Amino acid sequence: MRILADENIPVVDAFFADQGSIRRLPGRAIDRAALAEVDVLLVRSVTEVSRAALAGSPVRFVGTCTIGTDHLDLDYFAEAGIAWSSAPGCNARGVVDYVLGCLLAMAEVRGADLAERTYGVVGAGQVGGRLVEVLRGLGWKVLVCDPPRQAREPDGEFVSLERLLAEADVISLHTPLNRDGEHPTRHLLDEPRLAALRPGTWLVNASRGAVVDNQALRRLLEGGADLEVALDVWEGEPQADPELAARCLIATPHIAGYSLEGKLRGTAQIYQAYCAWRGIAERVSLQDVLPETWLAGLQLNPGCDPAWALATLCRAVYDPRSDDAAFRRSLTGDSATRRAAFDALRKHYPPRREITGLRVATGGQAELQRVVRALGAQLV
């Protein structure tokens, strides 16, 4: 089999070596001429995989993470007999860890009990759906806004955006950025909705920048709004609003998803679908390819306060306050240097693991076991 991968995609050889020959090219340097001897194509959201792009090539499999099934010509793939993988939630778990870390920072500045908060998750797909089950696993109140999922799941309990805004004191956004369609999400949080946020409400946005009206948010905070704000995604990336950032509790350069696992999981998931398509057993796993974690595990004694355990567990793996500190330093120069620094932070992002990889002994304590399980960490 003859493989072509976008050069940015890691660990292609480890997964696909015994599968045939691998060739690697830049994303936009992959066109009609390159595809002439390609059986399996592995791309990101840069390379074109449309009818125009693919017709006349021996391409039988298209694998990606960055592109959703809304932006793949699946009717064409069916027509041409091309298999596909749009690996769901390649970098999803990392975002869940980031939100948890933000909530911990927020609870700490405020002296708040996280368990008494009312959570509102807008968008409950790969990321939001994972967040929801952590929060609920801990026994916390979660309101879920997801109109599409509501229409397909008549038995589930969903709420409207305006009820969520009415009842939630913690909001986390996890929708795509849709300008059009049935349920548009650009400035889903506009000035009137942001201005109506009750004093002491918390907001996390690690979806896409333009889901929140950044300029309205900045002015609302400058005006003295009583809020806690964590933003991982900004309206003009790599040019984040520096006066908005200065008013955010947590401000990071679109790195929420940037776990070590999340960068390699994309390749692993494509390979799994590729094995499922070919009807072959998997020869190499994500585990096989991941380096050993730095923190194997942690032991709690059964007297440990559950809330204390939660904060200790999450922060031992990842505290976004460290990324926040690096981001503040990136905002010191002129527009041009801030932009370059934004992208450099993302490129040189340090090795960061996921909470699901942490092994936790609890000494058999039930409330501690509940915390480990809700987090998705491993009981040992």
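One-based numbering along the sequence shown.
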Between 334-342 and 307-315, the record assigns the higher mean Cα B factor to 334-342
Quick one: say whether 293-301 or 86-94 has the higher mean Cα B-factor in the deposited entry.
86-94
Candidate set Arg328, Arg321, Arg51, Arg353 [ranked by C-alpha B-factor, highest]:
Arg51
Report the option among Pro184, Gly129, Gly101, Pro253 whose CA atom has the maximum B-factor in the deposited record.
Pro184
Ordered by C-alpha B-factor within the chain, which third holds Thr118? Give me lowest, middle or highest, please.
lowest
Sorting by Cα B-factor within the chain, modelled residues only, which third would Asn178 end up in: lowest, middle or highest?
highest
Here the Cα B-factor of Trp202, set against its chain, lands in the third termed lowest
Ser172 - Cα temperature factor, lowest/middle/highest third of chain
lowest
Sorting the chain's CA B-factors, does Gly81 end up in the lowest, middle or highest third?
middle
